[PDB]
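Trainee: Data: model_9.cif, mmCIF, N, CA and C atoms.
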```cif
data_run
#
loop_
_atom_site.label_atom_id
_atom_site.label_comp_id
_atom_site.auth_asym_id
_atom_site.auth_seq_id
_atom_site.Cartn_x
_atom_site.Cartn_y
_atom_site.Cartn_z
N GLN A 5 -4.64 14.83 -10.34
CA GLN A 5 -3.41 14.98 -9.51
C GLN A 5 -3.77 14.91 -8.03
N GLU A 6 -4.97 15.37 -7.70
CA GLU A 6 -5.47 15.38 -6.33
C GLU A 6 -5.39 14.00 -5.69
N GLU A 7 -5.77 12.96 -6.44
CA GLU A 7 -5.73 11.60 -5.90
C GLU A 7 -4.32 11.01 -5.95
N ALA A 8 -3.57 11.31 -7.00
CA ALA A 8 -2.21 10.80 -7.12
C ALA A 8 -1.37 11.24 -5.92
N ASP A 9 -1.57 12.48 -5.47
CA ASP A 9 -0.83 13.01 -4.33
C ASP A 9 -1.09 12.27 -3.03
N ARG A 10 -2.19 11.52 -2.98
CA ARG A 10 -2.58 10.78 -1.79
C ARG A 10 -2.41 9.28 -1.94
N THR A 11 -1.79 8.86 -3.04
CA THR A 11 -1.60 7.44 -3.32
C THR A 11 -0.16 6.98 -3.11
N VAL A 12 0.02 5.96 -2.29
CA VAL A 12 1.35 5.41 -2.04
C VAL A 12 1.45 4.00 -2.60
N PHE A 13 2.67 3.59 -2.90
CA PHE A 13 2.95 2.28 -3.45
C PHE A 13 3.51 1.37 -2.36
N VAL A 14 3.13 0.10 -2.39
CA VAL A 14 3.65 -0.86 -1.43
C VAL A 14 4.07 -2.11 -2.20
N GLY A 15 5.33 -2.49 -2.05
CA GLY A 15 5.84 -3.65 -2.75
C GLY A 15 6.54 -4.64 -1.84
N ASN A 16 7.07 -5.70 -2.45
CA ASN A 16 7.76 -6.76 -1.72
C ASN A 16 6.79 -7.44 -0.77
N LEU A 17 5.58 -7.68 -1.26
CA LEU A 17 4.55 -8.32 -0.46
C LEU A 17 4.71 -9.84 -0.45
N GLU A 18 4.73 -10.40 0.76
CA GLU A 18 4.86 -11.84 0.94
C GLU A 18 3.61 -12.50 0.35
N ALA A 19 3.75 -13.74 -0.11
CA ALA A 19 2.65 -14.46 -0.74
C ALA A 19 1.31 -14.47 0.01
N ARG A 20 1.36 -14.45 1.34
CA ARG A 20 0.14 -14.48 2.14
C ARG A 20 -0.57 -13.13 2.30
N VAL A 21 0.08 -12.05 1.89
CA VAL A 21 -0.53 -10.73 2.04
C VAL A 21 -1.77 -10.56 1.18
N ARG A 22 -2.83 -10.05 1.80
CA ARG A 22 -4.09 -9.80 1.11
C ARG A 22 -4.47 -8.35 1.37
N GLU A 23 -5.40 -7.81 0.58
CA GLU A 23 -5.81 -6.42 0.75
C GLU A 23 -6.28 -6.10 2.16
N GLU A 24 -6.93 -7.07 2.81
CA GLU A 24 -7.42 -6.85 4.17
C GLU A 24 -6.29 -6.57 5.16
N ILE A 25 -5.14 -7.21 4.95
CA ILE A 25 -3.98 -7.01 5.83
C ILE A 25 -3.36 -5.65 5.56
N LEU A 26 -3.29 -5.27 4.29
CA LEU A 26 -2.73 -3.97 3.93
C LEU A 26 -3.61 -2.86 4.50
N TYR A 27 -4.93 -3.06 4.45
CA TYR A 27 -5.85 -2.06 4.98
C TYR A 27 -5.58 -1.85 6.47
N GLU A 28 -5.48 -2.95 7.22
CA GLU A 28 -5.24 -2.87 8.66
C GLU A 28 -3.93 -2.15 8.95
N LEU A 29 -2.89 -2.53 8.24
CA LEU A 29 -1.57 -1.95 8.45
C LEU A 29 -1.48 -0.46 8.13
N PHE A 30 -2.01 -0.06 6.98
CA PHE A 30 -1.95 1.33 6.56
C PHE A 30 -2.95 2.29 7.20
N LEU A 31 -4.05 1.76 7.74
CA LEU A 31 -5.04 2.62 8.37
C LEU A 31 -4.44 3.43 9.52
N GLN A 32 -3.35 2.93 10.11
CA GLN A 32 -2.76 3.67 11.21
C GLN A 32 -2.18 5.01 10.78
N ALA A 33 -1.92 5.17 9.48
CA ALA A 33 -1.38 6.42 8.97
C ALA A 33 -2.49 7.43 8.64
N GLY A 34 -3.74 7.01 8.81
CA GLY A 34 -4.86 7.89 8.53
C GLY A 34 -5.97 7.22 7.74
N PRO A 35 -7.13 7.86 7.62
CA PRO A 35 -8.28 7.32 6.89
C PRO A 35 -7.92 6.90 5.47
N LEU A 36 -8.42 5.73 5.07
CA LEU A 36 -8.16 5.18 3.75
C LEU A 36 -9.36 5.31 2.82
N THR A 37 -9.07 5.55 1.54
CA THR A 37 -10.09 5.66 0.52
C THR A 37 -10.26 4.27 -0.08
N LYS A 38 -9.14 3.64 -0.42
CA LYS A 38 -9.16 2.31 -1.02
C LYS A 38 -7.76 1.70 -1.02
N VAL A 39 -7.71 0.38 -1.13
CA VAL A 39 -6.46 -0.36 -1.17
C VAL A 39 -6.57 -1.33 -2.34
N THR A 40 -5.48 -1.48 -3.09
CA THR A 40 -5.51 -2.37 -4.24
C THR A 40 -4.23 -3.15 -4.44
N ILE A 41 -4.36 -4.47 -4.54
CA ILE A 41 -3.19 -5.29 -4.84
C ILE A 41 -3.33 -5.48 -6.35
N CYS A 42 -2.31 -5.06 -7.08
CA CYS A 42 -2.33 -5.14 -8.54
C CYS A 42 -2.51 -6.54 -9.11
N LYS A 43 -3.25 -6.61 -10.21
CA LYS A 43 -3.49 -7.87 -10.90
C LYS A 43 -2.91 -7.75 -12.30
N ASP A 44 -2.53 -8.87 -12.89
CA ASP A 44 -1.98 -8.84 -14.24
C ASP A 44 -3.10 -8.95 -15.27
N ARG A 45 -2.71 -9.08 -16.53
CA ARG A 45 -3.66 -9.18 -17.63
C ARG A 45 -4.67 -10.32 -17.41
N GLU A 46 -4.20 -11.43 -16.84
CA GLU A 46 -5.05 -12.59 -16.59
C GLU A 46 -5.82 -12.54 -15.27
N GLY A 47 -5.67 -11.45 -14.52
CA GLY A 47 -6.38 -11.33 -13.26
C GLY A 47 -5.68 -11.94 -12.05
N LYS A 48 -4.42 -12.32 -12.22
CA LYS A 48 -3.66 -12.92 -11.12
C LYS A 48 -3.01 -11.83 -10.26
N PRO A 49 -3.22 -11.89 -8.94
CA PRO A 49 -2.63 -10.89 -8.04
C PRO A 49 -1.11 -10.91 -8.05
N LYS A 50 -0.50 -9.73 -7.95
CA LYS A 50 0.95 -9.60 -7.94
C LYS A 50 1.44 -9.29 -6.53
N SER A 51 2.75 -9.11 -6.38
CA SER A 51 3.34 -8.84 -5.07
C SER A 51 3.48 -7.36 -4.73
N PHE A 52 2.58 -6.55 -5.27
CA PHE A 52 2.61 -5.11 -5.00
C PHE A 52 1.24 -4.49 -5.23
N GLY A 53 1.05 -3.29 -4.70
CA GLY A 53 -0.21 -2.60 -4.85
C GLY A 53 -0.14 -1.14 -4.49
N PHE A 54 -1.31 -0.52 -4.41
CA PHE A 54 -1.42 0.90 -4.10
C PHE A 54 -2.39 1.12 -2.96
N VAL A 55 -2.08 2.11 -2.13
CA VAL A 55 -2.92 2.48 -1.01
C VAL A 55 -3.26 3.95 -1.19
N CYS A 56 -4.54 4.26 -1.27
CA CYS A 56 -4.98 5.64 -1.45
C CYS A 56 -5.59 6.17 -0.17
N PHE A 57 -4.99 7.23 0.36
CA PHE A 57 -5.45 7.86 1.60
C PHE A 57 -6.41 9.00 1.31
N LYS A 58 -7.24 9.34 2.28
CA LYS A 58 -8.19 10.43 2.10
C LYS A 58 -7.46 11.76 2.18
N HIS A 59 -6.36 11.78 2.92
CA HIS A 59 -5.58 13.00 3.12
C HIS A 59 -4.11 12.83 2.76
N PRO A 60 -3.53 13.80 2.04
CA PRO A 60 -2.12 13.74 1.64
C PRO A 60 -1.13 13.70 2.80
N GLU A 61 -1.55 14.20 3.96
CA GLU A 61 -0.69 14.20 5.15
C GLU A 61 -0.28 12.78 5.52
N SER A 62 -1.13 11.81 5.18
CA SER A 62 -0.87 10.42 5.49
C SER A 62 0.28 9.81 4.69
N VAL A 63 0.62 10.41 3.56
CA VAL A 63 1.70 9.90 2.73
C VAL A 63 3.02 9.83 3.49
N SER A 64 3.39 10.94 4.11
CA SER A 64 4.64 10.99 4.87
C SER A 64 4.60 9.99 6.02
N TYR A 65 3.46 9.92 6.71
CA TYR A 65 3.33 9.00 7.83
C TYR A 65 3.52 7.56 7.36
N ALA A 66 2.85 7.19 6.28
CA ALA A 66 2.94 5.83 5.75
C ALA A 66 4.37 5.43 5.39
N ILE A 67 5.07 6.30 4.68
CA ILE A 67 6.44 6.00 4.27
C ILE A 67 7.38 5.91 5.47
N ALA A 68 7.29 6.89 6.36
CA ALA A 68 8.15 6.93 7.55
C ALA A 68 7.89 5.81 8.54
N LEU A 69 6.62 5.50 8.77
CA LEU A 69 6.23 4.46 9.73
C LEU A 69 6.23 3.03 9.20
N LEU A 70 5.91 2.86 7.93
CA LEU A 70 5.79 1.51 7.38
C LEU A 70 6.85 0.99 6.41
N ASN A 71 7.67 1.87 5.85
CA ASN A 71 8.69 1.39 4.93
C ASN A 71 9.64 0.47 5.69
N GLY A 72 9.87 -0.72 5.14
CA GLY A 72 10.76 -1.68 5.77
C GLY A 72 10.13 -2.61 6.79
N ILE A 73 8.87 -2.37 7.14
CA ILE A 73 8.18 -3.22 8.11
C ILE A 73 8.05 -4.64 7.58
N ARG A 74 8.38 -5.61 8.42
CA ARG A 74 8.28 -7.00 8.01
C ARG A 74 6.86 -7.51 8.13
N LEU A 75 6.24 -7.76 6.98
CA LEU A 75 4.89 -8.27 6.92
C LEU A 75 5.11 -9.73 6.52
N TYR A 76 4.76 -10.64 7.43
CA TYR A 76 4.97 -12.07 7.21
C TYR A 76 6.46 -12.31 6.96
N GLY A 77 7.29 -11.56 7.69
CA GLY A 77 8.73 -11.69 7.59
C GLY A 77 9.46 -10.93 6.49
N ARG A 78 8.73 -10.47 5.48
CA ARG A 78 9.32 -9.75 4.36
C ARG A 78 9.23 -8.24 4.53
N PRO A 79 10.38 -7.53 4.53
CA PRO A 79 10.34 -6.07 4.69
C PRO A 79 9.66 -5.44 3.48
N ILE A 80 8.53 -4.79 3.69
CA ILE A 80 7.82 -4.17 2.58
C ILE A 80 8.50 -2.89 2.12
N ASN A 81 8.25 -2.52 0.87
CA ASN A 81 8.79 -1.31 0.29
C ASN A 81 7.64 -0.33 0.12
N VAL A 82 7.71 0.79 0.82
CA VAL A 82 6.66 1.80 0.71
C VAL A 82 7.27 3.05 0.09
N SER A 83 6.71 3.48 -1.04
CA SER A 83 7.21 4.67 -1.72
C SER A 83 6.06 5.62 -2.02
N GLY A 84 6.38 6.90 -2.14
CA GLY A 84 5.35 7.89 -2.40
C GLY A 84 5.30 8.47 -3.79
N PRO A 85 4.32 9.35 -4.05
CA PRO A 85 4.12 10.01 -5.34
C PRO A 85 5.23 11.01 -5.65
N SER A 86 6.13 10.60 -6.53
CA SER A 86 7.26 11.44 -6.91
C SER A 86 7.26 11.72 -8.41
N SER A 87 7.98 12.77 -8.79
CA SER A 87 8.11 13.15 -10.19
C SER A 87 9.41 13.92 -10.34
N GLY A 88 9.78 14.26 -11.57
CA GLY A 88 11.02 14.99 -11.78
C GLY A 88 12.22 14.12 -11.45
#
```
Would you put the structure from the file into structure tokens?
Mentor:
Amino acid sequence: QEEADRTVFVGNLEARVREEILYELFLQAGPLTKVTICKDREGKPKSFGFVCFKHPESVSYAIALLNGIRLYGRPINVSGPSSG
């Protein structure tokens, strides 16, 4: 649960988006542990991924600062770890 609490989702990624761009963009919300653009069964990258921060405080920053930001013109969707 410790890591899930620090992991945010990012979707609606434009075709040109790569993990290196996501890293640059999300690092402003705080230190990053890792960034991952999801791949399918065949290993093909999809239009969404996960960003794991070192600190949970970064979750609120990421959602508030980056949700809706146009990356290559497409407003990205940033959501956090929710339940219930």
Trainee: Would you list the residues near (1.7, 17.5, -1.8), meaning any protein, DNA or RNA residue with an atom at most 10 Å from that point in file coordinates, counting only C-alpha atoms, as a PyMOL selection string?
Mentor: chain A and resi 5-6+8-10+59-61+63-64+85-86
Trainee: Kindly resolve the PyMOL selection byres ((chain A and resi 41-53) around 6.5) on the present coordinates and return the residues as a ChimeraX atom specification.
Mentor: /A:12-18,23,39-40,54-55
Trainee: Could you pull out the alpha helix (DSSP H) residues of chain A from DSSP and send them as a PDB file with N, CA and C atoms, keeping the file's coordinate frame?
Mentor:
```pdb
ATOM      1  N   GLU A  23      -5.400  -7.810   0.580  1.00  0.00           N
ATOM      2  CA  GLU A  23      -5.810  -6.420   0.750  1.00  0.00           C
ATOM      3  C   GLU A  23      -6.280  -6.100   2.160  1.00  0.00           C
ATOM      4  N   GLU A  24      -6.930  -7.070   2.810  1.00  0.00           N
ATOM      5  CA  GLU A  24      -7.420  -6.850   4.170  1.00  0.00           C
ATOM      6  C   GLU A  24      -6.290  -6.570   5.160  1.00  0.00           C
ATOM      7  N   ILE A  25      -5.140  -7.210   4.950  1.00  0.00           N
ATOM      8  CA  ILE A  25      -3.980  -7.010   5.830  1.00  0.00           C
ATOM      9  C   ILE A  25      -3.360  -5.650   5.560  1.00  0.00           C
ATOM     10  N   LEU A  26      -3.290  -5.270   4.290  1.00  0.00           N
ATOM     11  CA  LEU A  26      -2.730  -3.970   3.930  1.00  0.00           C
ATOM     12  C   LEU A  26      -3.610  -2.860   4.500  1.00  0.00           C
ATOM     13  N   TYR A  27      -4.930  -3.060   4.450  1.00  0.00           N
ATOM     14  CA  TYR A  27      -5.850  -2.060   4.980  1.00  0.00           C
ATOM     15  C   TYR A  27      -5.580  -1.850   6.470  1.00  0.00           C
ATOM     16  N   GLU A  28      -5.480  -2.950   7.220  1.00  0.00           N
ATOM     17  CA  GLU A  28      -5.240  -2.870   8.660  1.00  0.00           C
ATOM     18  C   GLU A  28      -3.930  -2.150   8.950  1.00  0.00           C
ATOM     19  N   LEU A  29      -2.890  -2.530   8.240  1.00  0.00           N
ATOM     20  CA  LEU A  29      -1.570  -1.950   8.450  1.00  0.00           C
ATOM     21  C   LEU A  29      -1.480  -0.460   8.130  1.00  0.00           C
ATOM     22  N   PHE A  30      -2.010  -0.060   6.980  1.00  0.00           N
ATOM     23  CA  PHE A  30      -1.950   1.330   6.560  1.00  0.00           C
ATOM     24  C   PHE A  30      -2.950   2.290   7.200  1.00  0.00           C
ATOM     25  N   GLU A  61      -1.550  14.200   3.960  1.00  0.00           N
ATOM     26  CA  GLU A  61      -0.690  14.200   5.150  1.00  0.00           C
ATOM     27  C   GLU A  61      -0.280  12.780   5.520  1.00  0.00           C
ATOM     28  N   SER A  62      -1.130  11.810   5.180  1.00  0.00           N
ATOM     29  CA  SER A  62      -0.870  10.420   5.490  1.00  0.00           C
ATOM     30  C   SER A  62       0.280   9.810   4.690  1.00  0.00           C
ATOM     31  N   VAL A  63       0.620  10.410   3.560  1.00  0.00           N
ATOM     32  CA  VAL A  63       1.700   9.900   2.730  1.00  0.00           C
ATOM     33  C   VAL A  63       3.020   9.830   3.490  1.00  0.00           C
ATOM     34  N   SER A  64       3.390  10.940   4.110  1.00  0.00           N
ATOM     35  CA  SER A  64       4.640  10.990   4.870  1.00  0.00           C
ATOM     36  C   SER A  64       4.600   9.990   6.020  1.00  0.00           C
ATOM     37  N   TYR A  65       3.460   9.920   6.710  1.00  0.00           N
ATOM     38  CA  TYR A  65       3.330   9.000   7.830  1.00  0.00           C
ATOM     39  C   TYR A  65       3.520   7.560   7.360  1.00  0.00           C
ATOM     40  N   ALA A  66       2.850   7.190   6.280  1.00  0.00           N
ATOM     41  CA  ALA A  66       2.940   5.830   5.750  1.00  0.00           C
ATOM     42  C   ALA A  66       4.370   5.430   5.390  1.00  0.00           C
ATOM     43  N   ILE A  67       5.070   6.300   4.680  1.00  0.00           N
ATOM     44  CA  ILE A  67       6.440   6.000   4.270  1.00  0.00           C
ATOM     45  C   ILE A  67       7.380   5.910   5.470  1.00  0.00           C
ATOM     46  N   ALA A  68       7.290   6.890   6.360  1.00  0.00           N
ATOM     47  CA  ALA A  68       8.150   6.930   7.550  1.00  0.00           C
ATOM     48  C   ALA A  68       7.890   5.810   8.540  1.00  0.00           C
ATOM     49  N   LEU A  69       6.620   5.500   8.770  1.00  0.00           N
ATOM     50  CA  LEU A  69       6.230   4.460   9.730  1.00  0.00           C
ATOM     51  C   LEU A  69       6.230   3.030   9.200  1.00  0.00           C
ATOM     52  N   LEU A  70       5.910   2.860   7.930  1.00  0.00           N
ATOM     53  CA  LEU A  70       5.790   1.510   7.380  1.00  0.00           C
ATOM     54  C   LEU A  70       6.850   0.990   6.410  1.00  0.00           C
TER      55      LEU A  70
END
```
Trainee: Within 10 Å of (5.9, 0.2, 5.6) (coordinates as in the file), grab all the protein and nucleic acid residues, counting only C-alpha atoms, and write them out as a PyMOL selection string.
Mentor: chain A and resi 13-15+26+29-30+65-75+79-83
Trainee: For atom C of residue 35 of chain A and atom N of residue 76 of chain A, determine how far apart the two atoms are, in Å to one decimal place.
Mentor: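 Spanning atom C of residue 35 of chain A to atom N of residue 76 of chain A is a straight-line distance of 21.7 Å.
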Trainee: Which value, in Å to one decimal, gives the distance between atom CA of residue 19 of chain A and atom CA of residue 78 of chain A?
Mentor: 9.6 Å
Trainee: Would you compute the distance between atom CA of residue 34 of chain A and atom N of residue 20 of chain A? Give it in Å to one decimal.
Mentor: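 Between atom CA of residue 34 of chain A and atom N of residue 20 of chain A the gap is 24.3 Å.
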Trainee: If you run DSSP over the backbone, which residues in chain A end up strand (DSSP E)? Put them as a PDB file with N, CA and C atoms, in the coordinates of the input.
Mentor:
```pdb
ATOM      1  N   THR A  11      -1.790   8.860  -3.040  1.00  0.00           N
ATOM      2  CA  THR A  11      -1.600   7.440  -3.320  1.00  0.00           C
ATOM      3  C   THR A  11      -0.160   6.980  -3.110  1.00  0.00           C
ATOM      4  N   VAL A  12       0.020   5.960  -2.290  1.00  0.00           N
ATOM      5  CA  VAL A  12       1.350   5.410  -2.040  1.00  0.00           C
ATOM      6  C   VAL A  12       1.450   4.000  -2.600  1.00  0.00           C
ATOM      7  N   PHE A  13       2.670   3.590  -2.900  1.00  0.00           N
ATOM      8  CA  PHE A  13       2.950   2.280  -3.450  1.00  0.00           C
ATOM      9  C   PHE A  13       3.510   1.370  -2.360  1.00  0.00           C
ATOM     10  N   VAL A  14       3.130   0.100  -2.390  1.00  0.00           N
ATOM     11  CA  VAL A  14       3.650  -0.860  -1.430  1.00  0.00           C
ATOM     12  C   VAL A  14       4.070  -2.110  -2.200  1.00  0.00           C
ATOM     13  N   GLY A  15       5.330  -2.490  -2.050  1.00  0.00           N
ATOM     14  CA  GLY A  15       5.840  -3.650  -2.750  1.00  0.00           C
ATOM     15  C   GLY A  15       6.540  -4.640  -1.840  1.00  0.00           C
ATOM     16  N   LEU A  36      -8.420   5.730   5.070  1.00  0.00           N
ATOM     17  CA  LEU A  36      -8.160   5.180   3.750  1.00  0.00           C
ATOM     18  C   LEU A  36      -9.360   5.310   2.820  1.00  0.00           C
ATOM     19  N   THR A  37      -9.070   5.550   1.540  1.00  0.00           N
ATOM     20  CA  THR A  37     -10.090   5.660   0.520  1.00  0.00           C
ATOM     21  C   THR A  37     -10.260   4.270  -0.080  1.00  0.00           C
ATOM     22  N   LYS A  38      -9.140   3.640  -0.420  1.00  0.00           N
ATOM     23  CA  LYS A  38      -9.160   2.310  -1.020  1.00  0.00           C
ATOM     24  C   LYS A  38      -7.760   1.700  -1.020  1.00  0.00           C
ATOM     25  N   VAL A  39      -7.710   0.380  -1.130  1.00  0.00           N
ATOM     26  CA  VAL A  39      -6.460  -0.360  -1.170  1.00  0.00           C
ATOM     27  C   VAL A  39      -6.570  -1.330  -2.340  1.00  0.00           C
ATOM     28  N   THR A  40      -5.480  -1.480  -3.090  1.00  0.00           N
ATOM     29  CA  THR A  40      -5.510  -2.370  -4.240  1.00  0.00           C
ATOM     30  C   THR A  40      -4.230  -3.150  -4.440  1.00  0.00           C
ATOM     31  N   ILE A  41      -4.360  -4.470  -4.540  1.00  0.00           N
ATOM     32  CA  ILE A  41      -3.190  -5.290  -4.840  1.00  0.00           C
ATOM     33  C   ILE A  41      -3.330  -5.480  -6.350  1.00  0.00           C
ATOM     34  N   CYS A  42      -2.310  -5.060  -7.080  1.00  0.00           N
ATOM     35  CA  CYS A  42      -2.330  -5.140  -8.540  1.00  0.00           C
ATOM     36  C   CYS A  42      -2.510  -6.540  -9.110  1.00  0.00           C
ATOM     37  N   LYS A  43      -3.250  -6.610 -10.210  1.00  0.00           N
ATOM     38  CA  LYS A  43      -3.490  -7.870 -10.900  1.00  0.00           C
ATOM     39  C   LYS A  43      -2.910  -7.750 -12.300  1.00  0.00           C
ATOM     40  N   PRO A  49      -3.220 -11.890  -8.940  1.00  0.00           N
ATOM     41  CA  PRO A  49      -2.630 -10.890  -8.040  1.00  0.00           C
ATOM     42  C   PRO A  49      -1.110 -10.910  -8.050  1.00  0.00           C
ATOM     43  N   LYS A  50      -0.500  -9.730  -7.950  1.00  0.00           N
ATOM     44  CA  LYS A  50       0.950  -9.600  -7.940  1.00  0.00           C
ATOM     45  C   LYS A  50       1.440  -9.290  -6.530  1.00  0.00           C
ATOM     46  N   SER A  51       2.750  -9.110  -6.380  1.00  0.00           N
ATOM     47  CA  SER A  51       3.340  -8.840  -5.070  1.00  0.00           C
ATOM     48  C   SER A  51       3.480  -7.360  -4.730  1.00  0.00           C
ATOM     49  N   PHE A  52       2.580  -6.550  -5.270  1.00  0.00           N
ATOM     50  CA  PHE A  52       2.610  -5.110  -5.000  1.00  0.00           C
ATOM     51  C   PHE A  52       1.240  -4.490  -5.230  1.00  0.00           C
ATOM     52  N   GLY A  53       1.050  -3.290  -4.700  1.00  0.00           N
ATOM     53  CA  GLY A  53      -0.210  -2.600  -4.850  1.00  0.00           C
ATOM     54  C   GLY A  53      -0.140  -1.140  -4.490  1.00  0.00           C
ATOM     55  N   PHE A  54      -1.310  -0.520  -4.410  1.00  0.00           N
ATOM     56  CA  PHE A  54      -1.420   0.900  -4.100  1.00  0.00           C
ATOM     57  C   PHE A  54      -2.390   1.120  -2.960  1.00  0.00           C
ATOM     58  N   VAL A  55      -2.080   2.110  -2.130  1.00  0.00           N
ATOM     59  CA  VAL A  55      -2.920   2.480  -1.010  1.00  0.00           C
ATOM     60  C   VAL A  55      -3.260   3.950  -1.190  1.00  0.00           C
ATOM     61  N   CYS A  56      -4.540   4.260  -1.270  1.00  0.00           N
ATOM     62  CA  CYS A  56      -4.980   5.640  -1.450  1.00  0.00           C
ATOM     63  C   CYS A  56      -5.590   6.170  -0.170  1.00  0.00           C
ATOM     64  N   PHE A  57      -4.990   7.230   0.360  1.00  0.00           N
ATOM     65  CA  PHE A  57      -5.450   7.860   1.600  1.00  0.00           C
ATOM     66  C   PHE A  57      -6.410   9.000   1.310  1.00  0.00           C
ATOM     67  N   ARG A  74       8.380  -5.610   8.420  1.00  0.00           N
ATOM     68  CA  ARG A  74       8.280  -7.000   8.010  1.00  0.00           C
ATOM     69  C   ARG A  74       6.860  -7.510   8.130  1.00  0.00           C
ATOM     70  N   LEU A  75       6.240  -7.760   6.980  1.00  0.00           N
ATOM     71  CA  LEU A  75       4.890  -8.270   6.920  1.00  0.00           C
ATOM     72  C   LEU A  75       5.110  -9.730   6.520  1.00  0.00           C
ATOM     73  N   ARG A  78       8.730 -10.470   5.480  1.00  0.00           N
ATOM     74  CA  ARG A  78       9.320  -9.750   4.360  1.00  0.00           C
ATOM     75  C   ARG A  78       9.230  -8.240   4.530  1.00  0.00           C
ATOM     76  N   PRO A  79      10.380  -7.530   4.530  1.00  0.00           N
ATOM     77  CA  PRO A  79      10.340  -6.070   4.690  1.00  0.00           C
ATOM     78  C   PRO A  79       9.660  -5.440   3.480  1.00  0.00           C
ATOM     79  N   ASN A  81       8.250  -2.520   0.870  1.00  0.00           N
ATOM     80  CA  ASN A  81       8.790  -1.310   0.290  1.00  0.00           C
ATOM     81  C   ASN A  81       7.640  -0.330   0.120  1.00  0.00           C
ATOM     82  N   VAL A  82       7.710   0.790   0.820  1.00  0.00           N
ATOM     83  CA  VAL A  82       6.660   1.800   0.710  1.00  0.00           C
ATOM     84  C   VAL A  82       7.270   3.050   0.090  1.00  0.00           C
ATOM     85  N   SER A  83       6.710   3.480  -1.040  1.00  0.00           N
ATOM     86  CA  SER A  83       7.210   4.670  -1.720  1.00  0.00           C
ATOM     87  C   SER A  83       6.060   5.620  -2.020  1.00  0.00           C
TER      88      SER A  83
END
```
Trainee: Give the answer as one residue: which of A:62, A:56, A:33, A:77 has the shortest atom-to-atom distance to residue 11 of chain A, using all atoms listed in the file?
Mentor: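 Looking at the shortest contact to residue 11 of chain A, the residue is A:56.
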Trainee: Since the input lacks atoms, please generate N, CA, C and O atoms for segment 44-55 of chain A and provide them as a JSON list (two decimals), in the coordinates of the input.
Mentor:
```json
[["chain", "number", "residue", "atom", "x", "y", "z"],
["A", 44, "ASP", "N", -2.53, -8.87, -12.89],
["A", 44, "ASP", "CA", -1.98, -8.84, -14.24],
["A", 44, "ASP", "C", -3.10, -8.95, -15.27],
["A", 44, "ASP", "O", -4.28, -8.92, -14.93],
["A", 45, "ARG", "N", -2.71, -9.08, -16.53],
["A", 45, "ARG", "CA", -3.66, -9.18, -17.63],
["A", 45, "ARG", "C", -4.67, -10.32, -17.41],
["A", 45, "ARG", "O", -5.84, -10.19, -17.75],
["A", 46, "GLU", "N", -4.20, -11.43, -16.84],
["A", 46, "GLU", "CA", -5.05, -12.59, -16.59],
["A", 46, "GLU", "C", -5.82, -12.54, -15.27],
["A", 46, "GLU", "O", -6.53, -13.49, -14.93],
["A", 47, "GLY", "N", -5.67, -11.45, -14.52],
["A", 47, "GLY", "CA", -6.38, -11.33, -13.26],
["A", 47, "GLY", "C", -5.68, -11.94, -12.05],
["A", 47, "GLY", "O", -6.28, -12.05, -10.99],
["A", 48, "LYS", "N", -4.42, -12.32, -12.22],
["A", 48, "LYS", "CA", -3.66, -12.92, -11.12],
["A", 48, "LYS", "C", -3.01, -11.83, -10.26],
["A", 48, "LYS", "O", -2.34, -10.94, -10.78],
["A", 49, "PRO", "N", -3.22, -11.89, -8.94],
["A", 49, "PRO", "CA", -2.63, -10.89, -8.04],
["A", 49, "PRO", "C", -1.11, -10.91, -8.05],
["A", 49, "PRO", "O", -0.50, -11.98, -8.15],
["A", 50, "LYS", "N", -0.50, -9.73, -7.95],
["A", 50, "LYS", "CA", 0.95, -9.60, -7.94],
["A", 50, "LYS", "C", 1.44, -9.29, -6.53],
["A", 50, "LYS", "O", 0.65, -9.20, -5.59],
["A", 51, "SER", "N", 2.75, -9.11, -6.38],
["A", 51, "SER", "CA", 3.34, -8.84, -5.07],
["A", 51, "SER", "C", 3.48, -7.36, -4.73],
["A", 51, "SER", "O", 4.39, -6.97, -4.00],
["A", 52, "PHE", "N", 2.58, -6.55, -5.27],
["A", 52, "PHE", "CA", 2.61, -5.11, -5.00],
["A", 52, "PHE", "C", 1.24, -4.49, -5.23],
["A", 52, "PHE", "O", 0.37, -5.09, -5.87],
["A", 53, "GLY", "N", 1.05, -3.29, -4.70],
["A", 53, "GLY", "CA", -0.21, -2.60, -4.85],
["A", 53, "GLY", "C", -0.14, -1.14, -4.49],
["A", 53, "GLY", "O", 0.94, -0.59, -4.27],
["A", 54, "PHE", "N", -1.31, -0.52, -4.41],
["A", 54, "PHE", "CA", -1.42, 0.90, -4.10],
["A", 54, "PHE", "C", -2.39, 1.12, -2.96],
["A", 54, "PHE", "O", -3.39, 0.41, -2.83],
["A", 55, "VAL", "N", -2.08, 2.11, -2.13],
["A", 55, "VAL", "CA", -2.92, 2.48, -1.01],
["A", 55, "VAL", "C", -3.26, 3.95, -1.19],
["A", 55, "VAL", "O", -2.36, 4.79, -1.28]]
```
